[PDB]
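Residue numbers (PDB author numbering), protein chains in the order written: chain A, 7 to 313; chain A', 7 to 313; chain A'', 7 to 313. A prime marks a further copy of an entry chain. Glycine is no exception: its CB is placed at the ideal position from the N, C-alpha and C atoms. In what follows, a single structure is set out as structure tokens and then discussed.
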Amino acid sequence: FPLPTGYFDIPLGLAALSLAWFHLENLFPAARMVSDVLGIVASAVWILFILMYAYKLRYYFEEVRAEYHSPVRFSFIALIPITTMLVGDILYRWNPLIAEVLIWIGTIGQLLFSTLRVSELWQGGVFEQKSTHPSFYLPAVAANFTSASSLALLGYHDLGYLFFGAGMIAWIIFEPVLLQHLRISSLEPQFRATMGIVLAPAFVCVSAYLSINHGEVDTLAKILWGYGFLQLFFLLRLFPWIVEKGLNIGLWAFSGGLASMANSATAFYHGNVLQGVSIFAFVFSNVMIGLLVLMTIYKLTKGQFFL
Amino acid sequence: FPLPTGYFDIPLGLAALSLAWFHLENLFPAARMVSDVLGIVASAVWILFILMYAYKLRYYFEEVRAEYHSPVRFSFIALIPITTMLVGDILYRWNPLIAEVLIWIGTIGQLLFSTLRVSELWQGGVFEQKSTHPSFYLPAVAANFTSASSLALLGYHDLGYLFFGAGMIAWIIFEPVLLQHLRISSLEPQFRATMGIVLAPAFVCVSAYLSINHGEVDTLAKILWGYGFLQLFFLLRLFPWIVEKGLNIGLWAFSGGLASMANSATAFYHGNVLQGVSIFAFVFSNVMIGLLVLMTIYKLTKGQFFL
Amino acid sequence: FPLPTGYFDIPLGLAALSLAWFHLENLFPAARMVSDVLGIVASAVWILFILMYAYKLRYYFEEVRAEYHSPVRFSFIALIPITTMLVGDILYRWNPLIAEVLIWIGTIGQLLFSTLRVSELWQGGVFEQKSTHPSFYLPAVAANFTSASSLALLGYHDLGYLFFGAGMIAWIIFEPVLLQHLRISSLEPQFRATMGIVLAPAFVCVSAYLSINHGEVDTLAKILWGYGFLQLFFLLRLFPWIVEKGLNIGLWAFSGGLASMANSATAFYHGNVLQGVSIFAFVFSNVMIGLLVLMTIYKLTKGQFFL
Ligand SMILES: CCCCCCCCO[C@@H]1O[C@H](CO)[C@@H](O)[C@H](O)[C@H]1O
Ligand SMILES: CCCCCCCCO[C@@H]1O[C@H](CO)[C@@H](O)[C@H](O)[C@H]1O
Ligand SMILES: CCCCCCCCO[C@@H]1O[C@H](CO)[C@@H](O)[C@H](O)[C@H]1O
Ligand SMILES: CCCCCCCCO[C@@H]1O[C@H](CO)[C@@H](O)[C@H](O)[C@H]1O
Ligand SMILES: CCCCCCCCO[C@@H]1O[C@H](CO)[C@@H](O)[C@H](O)[C@H]1O
Ligand SMILES: CCCCCCCCO[C@@H]1O[C@H](CO)[C@@H](O)[C@H](O)[C@H]1O
Ligand SMILES: CCCCCCCCO[C@@H]1O[C@H](CO)[C@@H](O)[C@H](O)[C@H]1O
Ligand SMILES: CCCCCCCCO[C@@H]1O[C@H](CO)[C@@H](O)[C@H](O)[C@H]1O
Ligand SMILES: CCCCCCCCO[C@@H]1O[C@H](CO)[C@@H](O)[C@H](O)[C@H]1O
Ligand SMILES: CCCCCCCCO[C@@H]1O[C@H](CO)[C@@H](O)[C@H](O)[C@H]1O
Ligand SMILES: CCCCCCCCO[C@@H]1O[C@H](CO)[C@@H](O)[C@H](O)[C@H]1O
Ligand SMILES: CCCCCCCCO[C@@H]1O[C@H](CO)[C@@H](O)[C@H](O)[C@H]1O
Numbered sequence: 007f008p009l010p011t012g013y014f015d016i017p018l019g020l021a022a023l024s025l026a027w028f029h030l031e032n033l034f035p036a037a038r039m040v041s042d043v044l045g046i047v048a049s050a051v052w053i054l055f056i057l058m059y060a061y062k063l064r065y066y067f068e069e070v071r072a073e074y075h076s077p078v079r080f081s082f083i084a085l086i087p088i089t090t091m092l093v094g095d096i097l098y099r100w101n102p103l104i105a106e107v108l109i110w111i112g113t114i115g116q117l118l119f120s121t122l123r124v125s126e127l128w129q130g131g132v133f134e135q136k137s138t139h140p141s142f143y144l145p146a147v148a149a150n151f152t153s154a155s156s157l158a159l160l161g162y163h164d165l166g167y168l169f170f171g172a173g174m175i176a177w178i179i180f181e182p183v184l185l186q187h188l189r190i191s192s193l194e195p196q197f198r199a200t201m202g203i204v205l206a207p208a209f210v211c212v213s214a215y216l217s218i219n220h221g222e223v224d225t226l227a228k229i230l231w232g233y234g235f236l237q238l239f240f241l242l243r244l245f246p247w248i249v250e251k252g253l254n255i256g257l258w259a260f261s262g263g264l265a266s267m268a269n270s271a272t273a274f275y276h277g278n279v280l281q282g283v284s285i286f287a288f289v290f291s292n293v294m295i296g297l298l299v300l301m302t303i304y305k306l307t308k309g310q311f312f313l
Numbered sequence: 007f008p009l010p011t012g013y014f015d016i017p018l019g020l021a022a023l024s025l026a027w028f029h030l031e032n033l034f035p036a037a038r039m040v041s042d043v044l045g046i047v048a049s050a051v052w053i054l055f056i057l058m059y060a061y062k063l064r065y066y067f068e069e070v071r072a073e074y075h076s077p078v079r080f081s082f083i084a085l086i087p088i089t090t091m092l093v094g095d096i097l098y099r100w101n102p103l104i105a106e107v108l109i110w111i112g113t114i115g116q117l118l119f120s121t122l123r124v125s126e127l128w129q130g131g132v133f134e135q136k137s138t139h140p141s142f143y144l145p146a147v148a149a150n151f152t153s154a155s156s157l158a159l160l161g162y163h164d165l166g167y168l169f170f171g172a173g174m175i176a177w178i179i180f181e182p183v184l185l186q187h188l189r190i191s192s193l194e195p196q197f198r199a200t201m202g203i204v205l206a207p208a209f210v211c212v213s214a215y216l217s218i219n220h221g222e223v224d225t226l227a228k229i230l231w232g233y234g235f236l237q238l239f240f241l242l243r244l245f246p247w248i249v250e251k252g253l254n255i256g257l258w259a260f261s262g263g264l265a266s267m268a269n270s271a272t273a274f275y276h277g278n279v280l281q282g283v284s285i286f287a288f289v290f291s292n293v294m295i296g297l298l299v300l301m302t303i304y305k306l307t308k309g310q311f312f313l
Numbered sequence: 007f008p009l010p011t012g013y014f015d016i017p018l019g020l021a022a023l024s025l026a027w028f029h030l031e032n033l034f035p036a037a038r039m040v041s042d043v044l045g046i047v048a049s050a051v052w053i054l055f056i057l058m059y060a061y062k063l064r065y066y067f068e069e070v071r072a073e074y075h076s077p078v079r080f081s082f083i084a085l086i087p088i089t090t091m092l093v094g095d096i097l098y099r100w101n102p103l104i105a106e107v108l109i110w111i112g113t114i115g116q117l118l119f120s121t122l123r124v125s126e127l128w129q130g131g132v133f134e135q136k137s138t139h140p141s142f143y144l145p146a147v148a149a150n151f152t153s154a155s156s157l158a159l160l161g162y163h164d165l166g167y168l169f170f171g172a173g174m175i176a177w178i179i180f181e182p183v184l185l186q187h188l189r190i191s192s193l194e195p196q197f198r199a200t201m202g203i204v205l206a207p208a209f210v211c212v213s214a215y216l217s218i219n220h221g222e223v224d225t226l227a228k229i230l231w232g233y234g235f236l237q238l239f240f241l242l243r244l245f246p247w248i249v250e251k252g253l254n255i256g257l258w259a260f261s262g263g264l265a266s267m268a269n270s271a272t273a274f275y276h277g278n279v280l281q282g283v284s285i286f287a288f289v290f291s292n293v294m295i296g297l298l299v300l301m302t303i304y305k306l307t308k309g310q311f312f313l
């Protein structure tokens with residue numbers, strides 16, 4: 007099937023950057039235009055990708071079956087509901103009713119998804135030590151942070167805090183065994199682009215947190231940013247090793263983290279906290295996601311995108 | 007010996023539900039009656055069980071010796087001081103002086119217990135990977151949350167926060183390796199009823215927290231509830247697997263978690279936060295502990311309770 | 007080479023105790039004298055030790071090379087920048103300009119150090135399960151807490167909170183796998199003195215936190231203290247096992263934790279919170295670091311300090 011599930015990272019990353027620029031509108035009006043263009047690109051890619059995936063469910067169902075049951079690959083499916091909610095969040099600026107349908111479909115879906123599949127891992131005997139990949143953050147952690155921000159947007163803040171709490175504690179509970187496994191075993195080259203997901207948790211956390219708490223940059227938020235930057239420096243240093251066997255579309259896995267860096271940076275800028283670190287983060291993230299776009303345009307014009 | 011240490015889960019669960027109903031008195035006066043009846047049942051079962059256990063110490067001491075030294079079974083002993091404190095908490099409504107004796111005996115006991123036994127595990131060579139069971143939450147985590155709430159009740163809030171902090175950080179520090187071990191190895195049928203303890207931490211946490219912080223439902227509390235509900239959904243889905251080889255009195259291990267669900271729910275209802283989720287949680291927990299009571303009455307009348 | 011890297015624990019511990027006494031000046035003026043004497047001793051030992059280590063870099067460079075690459079021994083190098091910052095903090099009372107040079111050198115150094123070396127562990131294949139030692143807290147956790155407090159002192163509170171957050175979350179993320187490894191494997195006698203580092207995190211955490219947050223003893227701070235005392239009781243009980251094969255200069259590894267116990271205790275005393283527990287902690291820590299000094303004076307006069 008020509009569409010790898012992982013490619014939902016593309017509208018994921020583009021949609022989150024849209025939302026990041028959106029929060030700048032009231033400081034710099036031209037940011038709205040930029041926010042709108044990214045949101046439209048992201049929504050169109052999401053529509054294309056949802057229709058391709060429906061095509062897969064219908065005619066390549068065994069391949070979805072097998073990725074669903076894999077203790078490793080099941081995770082990427084969580085990107086479907088996540089981008090669904092993020093597109094819904096973009097659309098809210100134009101049609102709050104369609105946005106809310108999309109947000110609930112995505113929230114119910116991810117919750118149902120993790121309850122069915124993540125819990126089942128606890129029966130033992132299928133997940134193995136080498137199953138301890140960064141992609142596990144998706145169903146467990148990123149899905150919940152996205153429901154939390156998206157439900158806040160619709161005015162459900164208390165409900166938002168529940169899903170936030172689920173994401174935050176799930177993250178702290180998984181990372182310990184992940185980092186220990188990387189230390190000991192690490193990852194073979196073909197999985198290494200997924201190290202980009204390791205960037206995500208702190209930054210997606212604080213961005214979701216600031217969405218629910220009215221943009222108030224407090225101690226918790228500063229604390230998350232600190233640890234976010236620590237992981238960024240580590241990943242920067244690791245980058246040559248990560249792309250040891252070459253650059254590839256898998257690198258879109260950094261995009262959710264990078265985009266949350268941009269988003270959180272806008273909140274910090276608004277609240278007048280580390281404004282310089284903010285400008286740096288926002289510009290850095292944008293340039294990098296920009297490089298991902300240029301490399302994806304390159305591959306599209308060398309017939310090397312789809313399978 | 008006819009009394010398994012695990013059976014202290016019974017007055018544990020009944021006592022915590024008593025305390026849960028107690029907090030409803032000022033919204034609905036008939037809740038006091040219900041709180042009192044459960045507290046009396048719980049206290050009577052606790053007296054019976056304490057006298058049976060003293061009997062074991064005296065005439066079956068090798069069996070206590072061996073459970074004490076087991077890296078797995080030592081944990082259930084922590085239920086003795088825990089229920090001791092909870093009974094003390096019930097009794098406070100009638101006799102604050104006896105309640106405080108019981109609360110200090112239970113606090114000193116659990117602290118002394120964990121300091122002697124839990125620390126010793128760090129000498130290595132006795133605890134094994136397959137020793138990573140949910141029952142380890144008892145000495146480490148539940149004991150401390152119970153001291154914290156119980157010491158708050160007597161007016162020692164700052165002292166309460168120390169034990170709370172010990173419980174909360176101990177929990178976050180153990181769960182990561184527990185969940186990883188369940189993923190990989192899981193648990194054989196005879197230990198599976200102890201999955202019910204996994205429900206407990208978030209809910210016992212927030213309940214203890216609300217006891218110390220004057221019932222103020224804040225961000226931390228909402229965060230804990232979110233993760234509590236995530237684990238509930240997982241455990242619900244896992245339930246058929248949990249009771250694969252049949253229903254049994256071991257299922258009383260859910261009761262501390264269920265009861266803390268009820269207790270925290272009353273605090274949330276009072277503070278006007280997610281009142282509907284609150285009614286659901288309170289009713290759910292009560293029905294389930296109610297089912298545990300009916301199944302225990304059933305077994306008592308088939309001579310299948312004691313050994 | 008006559009100086010083991012670990013011996014930087016000596017000025018580390020002495021410098022942190024200096025800072026602890028410093029905070030008592032405004033309650034009890036004679037504490038300044040005591041603070042100054044310790045700070046001078048600590049600074050002189052630090053100068054001696056820095057010059058010995060420069061000597062090692064220059065003429066014994068292969069030995070630094072090999073300790074740098076060890077997945078276990080690399081950690082102790084982090085003590086160089088840590089004590090550098092702490093000496094800088096002492097000196098601030100006399101010369102704020104030299105203090106700030108030292109603080110930035112130490113912050114840039116530790117950050118650069120961890121980014122180069124700690125991240126590299128994630129390439130796998132060098133760090134092993136038996137590499138899971140308490141010394142790993144140094145580069146990861148203690149280095150960051152020291153930058154955070156030291157940058158607060160110079161007036162950079164928001165920057166302080168970033169490094170604090172990095173330390174705090176790094177700690178919670180490592181301890182889980184550490185404690186599990188001690189439970190299963192523990193440590194051979196020659197590494198056991200490093201159990202003293204396990205005392206450090208909660209107490210260094212809360213001390214750094216109180217430095218940044220203006221000494222305000224809040225819920226988070228009480229929570230950290232609770233868990234700090236839990237680990238203290240465990241370590242007390244473990245002590246005979248720790249010194250099974252004899253007392254040795256390695257025991258200076260407790261000194262950062264003990265000194266942070268003293269420091270945090272002063273903040274708690276000021277804010278009128280658990281003042282009695284505070285007096286106990288302050289006196290306890292001082293007596294113990296005092297015993298370490300007497301045993302070090304003893305060994306110095308038996309020619310059994312340097313190699
Ligand atoms: C979007 C992701 C879709 C998930 C596809 C799920 C595969 C379901 O799993 C299957 O379903 C059958 C019953 O329905 C089972 O009995 C099969 O044994 C099992 O393979
Ligand atoms: C894309 C997000 C929505 C979730 C869709 C997945 C539906 C799961 O499918 C389920 O797979 C199970 C195994 O866990 C089967 O046993 C069940 O019959 C089936 O309901
Ligand atoms: C695991 C990481 C969790 C870090 C805990 C967050 C610290 C909470 O910070 C708190 O909230 C307010 C925010 O300005 C402060 O006023 C409070 O005094 C402080 O306790
Ligand atoms: C998330 C960070 C993005 C916000 C970027 C805006 C940077 C604008 O730059 C700032 O403009 C100010 C006035 O508007 C000037 O006075 C500042 O000195 C200048 O740095
Ligand atoms: C309520 C739980 C009671 C715990 C029973 C503890 C068993 C103690 O342990 C024992 O104690 C002896 C000394 O007292 C030791 O020397 C024995 O070796 C050891 O087995
Ligand atoms: C029920 C809660 C109270 C705690 C009672 C347990 C007392 C522990 O018993 C102890 O066992 C040790 C091993 O750890 C022995 O070495 C000690 O001699 C003994 O004091
Ligand atoms: C590991 C899980 C810890 C979650 C951290 C709790 C977040 C603390 O929440 C804090 O406390 C107050 C409560 O309303 C808020 O005002 C503060 O602004 C916020 O920082
Ligand atoms: C922990 C939750 C338990 C509290 C349960 C009480 C539910 C009562 O029900 C509520 O009564 C209100 C008035 O008292 C009505 O006005 C509400 O609409 C009704 O929902
Ligand atoms: C204060 C601690 C100093 C760290 C000493 C670092 C050892 C560096 O590591 C080395 O550096 C060379 C290049 O510079 C490498 O190519 C060598 O392979 C590698 O051994
Ligand atoms: C004492 C704190 C300051 C940090 C000094 C250490 C400098 C690291 O040295 C580095 O070692 C690398 C391997 O990780 C080599 O590959 C690099 O060439 C070298 O830059
Ligand atoms: C992992 C351990 C983290 C513990 C979380 C800290 C709890 C934060 O405590 C918070 O900050 C203020 C401090 O007085 C309170 O007012 C807030 O109401 C409370 O949420
Ligand atoms: C970190 C704790 C160190 C502070 C130690 C000072 C202890 C002094 O002691 C206190 O002095 C008070 C007046 O100053 C008396 O009134 C108190 O009762 C007495 O306990």
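{"Check": "Beta-carbon neighbours of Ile-178 (chain A), restricted to chain A' and to distances below 7 Å", "Outcome": "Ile-178"}
{"Check": "Neighbourhood of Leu-257 (chain A') by C-beta, 7 Å cutoff - its chain only, sequence neighbours within 5 removed", "Outcome": "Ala-199, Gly-202, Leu-298"}
{"Check": "Below-8 Å beta-carbon distance, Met-267 (chain A'') vs any chain A residue", "Outcome": "no"}
{"Check": "Proximity test, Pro-87 (chain A) beta-carbon vs ligand 2 heavy atom, cut-off 7 Å", "Outcome": "yes"}
{"Check": "8 Å Cβ cut-off: residues of chain A touching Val-183 (chain A')", "Outcome": "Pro-182, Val-183"}
{"Check": "Residues that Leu-168 (chain A'') contacts on chain A, provided the C-beta gap is smaller than 7 Å", "Outcome": "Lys-228, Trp-231, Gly-232, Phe-235"}
{"Check": "Member of A'':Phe-34, A'':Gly-19, A'':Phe-7 whose CA lies at the smallest distance from the CA of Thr-272 (chain A'')", "Outcome": "A'':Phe-34"}
{"Check": "Rounded Cβ spacing between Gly-161 (chain A') and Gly-232 (chain A'') (contact assumed at less than 8 Å)", "Outcome": "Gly-161 (chain A') to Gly-232 (chain A''), Cβ: 17 Å. No contact."}
{"Check": "Where the alpha helix (DSSP H) containing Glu-181 (chain A) begins and where it ends", "Outcome": "163-190"}
{"Check": "Contact belief for residue 2 (chain A'') with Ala-48 (chain A'') at Cβ below 8 Å, rounded distance in angstroms", "Outcome": "Because chain A'' is modelled from 7 through 313, residue 2 (chain A'') falls outside the range shown and cannot be assessed."}
{"Check": "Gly-112 (chain A'') to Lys-136 (chain A) span [Cα, whole Å]", "Outcome": "38 Å"}
{"Check": "Under 8 Å from the C-beta of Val-210 (chain A): neighbouring residues of chain A''", "Outcome": "What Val-210 (chain A) touches in chain A'': nothing, since even the nearest Cβ is about 14 Å away."}
{"Check": "Inter-residue Cα distance where the pair is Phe-288 (chain A') and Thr-152 (chain A)", "Outcome": "28 Å"}
{"Check": "Ligand 8 heavy atom lying under 7 Å from the CB of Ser-284 (chain A')", "Outcome": "yes"}
{"Check": "Partner residues on chain A' for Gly-131 (chain A), Cβ-Cβ distance less than 9 Å", "Outcome": "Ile-190, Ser-191, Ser-192"}
{"Check": "Exposure label - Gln-186 (chain A''); buried when at least 16 CB within 10 Å", "Outcome": "buried"}
{"Check": "Exposed unless 16 or more other CB atoms sit within 10 angstroms - verdict on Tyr-98 (chain A')", "Outcome": "buried"}
{"Check": "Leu-30 (chain A'): CB within 7 Å of a non-hydrogen atom of ligand 8", "Outcome": "yes"}
{"Check": "Cβ contact check for the region 163-177 of chain A'' and the region 221-235 of chain A: 3 or more pairs under 8 Å", "Outcome": "yes"}
{"Check": "Min CB distance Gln-196 (chain A') to chain A below 8 Å", "Outcome": "no"}
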